[PDB]
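Taking it in order: structure first as structure tokens, then the write-up.
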Amino acid sequence: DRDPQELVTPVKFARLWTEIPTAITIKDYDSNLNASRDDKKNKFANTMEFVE
Amino acid sequence: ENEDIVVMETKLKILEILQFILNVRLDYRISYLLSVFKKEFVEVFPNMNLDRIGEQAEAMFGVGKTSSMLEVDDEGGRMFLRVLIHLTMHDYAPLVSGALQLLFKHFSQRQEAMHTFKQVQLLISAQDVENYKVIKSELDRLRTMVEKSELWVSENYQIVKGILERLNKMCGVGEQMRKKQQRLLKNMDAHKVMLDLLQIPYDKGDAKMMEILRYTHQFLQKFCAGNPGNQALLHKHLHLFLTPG
Amino acid sequence: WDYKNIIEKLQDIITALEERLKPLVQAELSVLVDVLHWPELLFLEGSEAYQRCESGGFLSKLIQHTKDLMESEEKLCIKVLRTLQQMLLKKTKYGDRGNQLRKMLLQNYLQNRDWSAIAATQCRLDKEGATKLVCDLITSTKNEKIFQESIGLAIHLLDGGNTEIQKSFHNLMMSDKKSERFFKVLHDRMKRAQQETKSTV
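Going line by line, the protein sequences match chains A, B and C. Position one of the first sequence corresponds to residue 787 (the deposited numbering), numbered consecutively onward. Reading the second sequence from the start, the letters are residues 958 to 1003, 1022 to 1128, 1166 to 1257 in the deposited numbering. Reading the third sequence from the start, the letters are residues 1586 to 1698, 1717 to 1804 in the deposited numbering.
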């Protein structure tokens, strides 16, 4: 619980026509935010693994 | 208070997590809906087969195996349902409240999905997305201030007047942008928030907050220009304006 | 691309999807009602939780929590009241697709396998305190919607002129020390209604 970490909204109600893909998969759904998730998880990756 | 309060809270947090996960699943379903809609639009418009879209929507609700990974249990929801039933019988009050809430939500996936899909707003321009975000922030700030107005009804006057002035200035541009922004504000129920600003109990003579009402009314005049729908929606509240002035 | 065309197509797909899945929503709600009807079937027969569900402990806990949560979670109280109303209501058909979805969901979850039935359900709910729940909310509700839902649930409880439910209602009225207020509440509405009538006439 520090400044770099911030709450997230699970559901997004604002969408952009061009950004919407023709087809969507779970892997792509993760991949869109995977860059941010990975670059923020490195600090707590070990705690992530321990918790799991 | 409970002797096992630690475990009570453990499963309370576990249900918290599961509800968050259900929200993310709903987001994924909405994205799937929008993606299939865009595919249909592009293929049809480089008629549209509503039957195929309906079939896909029906399939994605766990009816077919194509949506198994969405389901959060390996038993087809039996384990989740049994967990909720067991929790509802627990002594703790908020734990039972949460268990009941998830139980009710799990049997209302389709209606919730359609409601959220209707709530979805589509913008083709990224600049329009930024406009929506700034309007949302301004509306949220004004709504929060109106909800707790006893403080200012000094520091809560300048910000309010600036927000109102910015909204009024951005409200009207040309004719197409005017209609687009009118519809946008209609979706976010901004008119309700700005109407709540008119019911604040105020002294007869202030000379400072009056300018605020000098602007709040103005926006409502621009919110109805060439928009019979806005006129109709604000007509349901017509009794508010039946005051000398 | 055209923004107006995109918006119109989005509206059309929204309407089509909403229309298509209505019977599915009704079937899912009916599945919820059925699950509440037989919670034990989900649990293992040998498990003590199954015995508790069979004895009606789950429904008793649900009713007690409904009474407790009315002060804070009014929406949840309304939802549970409507759920009991549906429980007392007779089975209804929601179309071939809705019926098929109902069967599939019941099989997936409930894997284990008439005015008289209405009276039996009413007596079971009375044993669980549904009549007490509606009376307590009505005498202790400040929300109009909660009062309406409780009155509807009580109406369904007395639907068909069940003697046992009427006797329980009367006994609660005599025993309850807040019964006066109950009457007052109803009486108050009556008076208001009369005035409202005189206002519109």
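From the three backbone atoms N, C-alpha and C, an ideal C-beta is built for every residue, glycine too.
Under 8 Å between beta-carbons, which chain A residues line up against residue i? List them in chain order, please.
i, result
"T1091 of chain B", "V797, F799"
"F977 of chain B", "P796"
"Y1107 of chain B", "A800"
For a contact defined as C-beta to C-beta under 9 Å, what are the partners of residue i on chain B?
i, result
"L1654 of chain C", "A1068, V1071, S1072, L1075"
"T808 of chain A", "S992, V993, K995, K996, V999, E1000"
"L802 of chain A", "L1097, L1098, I1099, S1100, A1101, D1103, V1104"
"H1650 of chain C", "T1063, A1068, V1071, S1072, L1075"
"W1623 of chain C", "Here the premise fails: no neighbours, minimum Cβ distance about 11 Å."
When you compare only the Cα positions, how much space is there between residue i and residue j?
i, j, result
"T1803 of chain C", "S1657 of chain C", "35 Å"
"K995 of chain B", "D1215 of chain B", "54 Å"
"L1691 of chain C", "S992 of chain B", "31 Å"
"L1686 of chain C", "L1609 of chain C", "7 Å"
"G1184 of chain B", "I1110 of chain B", "14 Å"
"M1776 of chain C", "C1738 of chain C", "9 Å"
"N818 of chain A", "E805 of chain A", "11 Å"
"residue 949 of chain B", "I1224 of chain B", "Absent from the model: residue 949 of chain B. The displayed extent of chain B is 958 to 1257, so no value can be given."
"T1041 of chain B", "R982 of chain B", "14 Å"
"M1206 of chain B", "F1235 of chain B", "11 Å"
"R823 of chain A", "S1782 of chain C", "59 Å"
"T967 of chain B", "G1073 of chain B", "13 Å"
"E835 of chain A", "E1613 of chain C", "38 Å"
"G1764 of chain C", "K1664 of chain C", "25 Å"
"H1247 of chain B", "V1788 of chain C", "33 Å"
"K1594 of chain C", "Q1188 of chain B", "19 Å"
"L1644 of chain C", "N1022 of chain B", "51 Å"
"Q1243 of chain B", "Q1094 of chain B", "22 Å"
"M965 of chain B", "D1026 of chain B", "47 Å"
"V1001 of chain B", "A809 of chain A", "16 Å"
"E1030 of chain B", "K1108 of chain B", "34 Å"
"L1210 of chain B", "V1128 of chain B", "12 Å"
"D1791 of chain C", "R1784 of chain C", "10 Å"
"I974 of chain B", "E1603 of chain C", "29 Å"
With distances taken between CB atoms, is the gap from residue i to residue j smaller than 9 Å?
i, j, result
"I978 of chain B", "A1088 of chain B", "no"
"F1079 of chain B", "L1661 of chain C", "yes"
"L1673 of chain C", "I1721 of chain C", "yes"
"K1748 of chain C", "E1659 of chain C", "yes"
"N1693 of chain C", "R1053 of chain B", "yes"
"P796 of chain A", "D984 of chain B", "yes"
"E1113 of chain B", "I1175 of chain B", "yes"
"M1035 of chain B", "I812 of chain A", "no"
"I1099 of chain B", "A1601 of chain C", "no"
"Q1611 of chain C", "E1625 of chain C", "no"
"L1606 of chain C", "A1032 of chain B", "yes"
"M1222 of chain B", "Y1169 of chain B", "no"
"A1237 of chain B", "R1190 of chain B", "yes"
"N1697 of chain C", "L1627 of chain C", "yes"
"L1197 of chain B", "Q1096 of chain B", "no"
"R1667 of chain C", "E1731 of chain C", "no"
"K1192 of chain B", "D1103 of chain B", "yes"
"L1059 of chain B", "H1081 of chain B", "yes"
Run down chain C in chain order and give the residues with a C-beta less than 9 Å from the C-beta of residue i.
i, result
"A1101 of chain B", "By Cβ distance, chain C contributes nothing, its closest Cβ being about 14 Å from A1101 of chain B, past 9 Å."
Strictly below 9 Å CB to CB, what residues from chain A border residue i?
i, result
"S1112 of chain B", "Within 9 Å Cβ-Cβ: nothing; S1112 of chain B doesn't reach chain A, min ~12 Å."
Going along chain C, which residues have a C-beta under 8 Å from residue i?
i, result
"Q1193 of chain B", "Within chain C, no residue comes near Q1193 of chain B; the closest Cβ sits about 13 Å away, beyond 8 Å."
"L1056 of chain B", "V1620, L1627, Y1694"
"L1025 of chain B", "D1597, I1598, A1601"
Listing by chain order, which chain B residues have their CB less than 8 Å from the CB of residue i?
i, result
"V1616 of chain C", "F1082"
"residue 1709 of chain C", "You won't find residue 1709 of chain C in this model, because chain C goes from 1698 right to 1717."
"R1605 of chain C", "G1029, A1032, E1033"
"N1684 of chain C", "In chain order: nothing, as chain B lies at least about 14 Å away."
"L1609 of chain C", "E1033, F1036, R1085"
Interface residues of chain C around residue i at Cβ under 7 Å?
i, result
"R1226 of chain B", "Ordered by position in chain C, no residue passes the 7 Å Cβ test against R1226 of chain B, which lies about 34 Å from the chain."
What does residue i touch in chain A if you count any residue whose Cβ is under 7 Å from its own?
i, result
"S988 of chain B", "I810, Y815"
"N980 of chain B", "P796, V797"
"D984 of chain B", "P796, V797, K798"
"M1044 of chain B", "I812"
"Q1094 of chain B", "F799"
Consider the C-beta atom of residue i and the heavy atoms of the ligand MN; say whether any pair is separated by less than 8 Å.
i, result
"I987 of chain B", "The ligand MN is not part of the structure shown, which contains no ligands of any sort."
Inset, instruction - Ignoring anything shorter than 4 residues or poking outside the region 1647-1696 of chain C, list the alpha helix (DSSP H) runs there in chain order. - result: Fully enclosed alpha helix (DSSP H) runs of 4 or longer: 1659-1673, 1680-1694.
Inset, instruction - Determine contact between the region 1718-1733 of chain C and the region 1753-1760 of chain C, defined as no fewer than three beta-carbon pairs at a distance below 8 Å. - result: With the rule of 3 Cβ pairs closer than 8 Å, the region 1718-1733 of chain C counts as touching the region 1753-1760 of chain C.
Legend entry - Uninterrupted alpha helix (DSSP H) stretches inside the region 1742-1773 of chain C (no shorter than 4 residues): The qualifying runs are 1747-1761.
Legend entry - Cβ pair count under 8 Å reaching 3, the region 1675-1686 of chain C against the region 1634-1654 of chain C: No: the two stretches stay apart, fewer than three of their Cβ pairs being nearer than 8 Å.
Legend entry - Inter-stretch contact at 8 Å, needing at least 3 Cβ pairs: the region 1115-1124 of chain B / the region 1194-1207 of chain B: Enough Cβ pairs lie closer than 8 Å, so yes.
Legend entry - Inter-stretch contact at 8 Å, needing at least 3 Cβ pairs: the region 1226-1235 of chain B / the region 1588-1602 of chain C: No: fewer than three Cβ pairs fall under 8 Å.
Inset, instruction - Counting only runs of 4+ residues fully inside the region 1167-1210 of chain B, write out the alpha helix (DSSP H) ranges in chain order. - result: Taking only runs of at least 4 residues, the alpha helix (DSSP H) segments lying wholly in the region 1167-1210 of chain B are 1167-1183, 1188-1199, 1202-1208.
Inset, instruction - Any chance you could list the alpha helix (DSSP H) runs of at least 4 consecutive residues sitting entirely within the region 1609-1638 of chain C, in chain order? - result: Whole alpha helix (DSSP H) segments, 4+ residues: 1624-1627.
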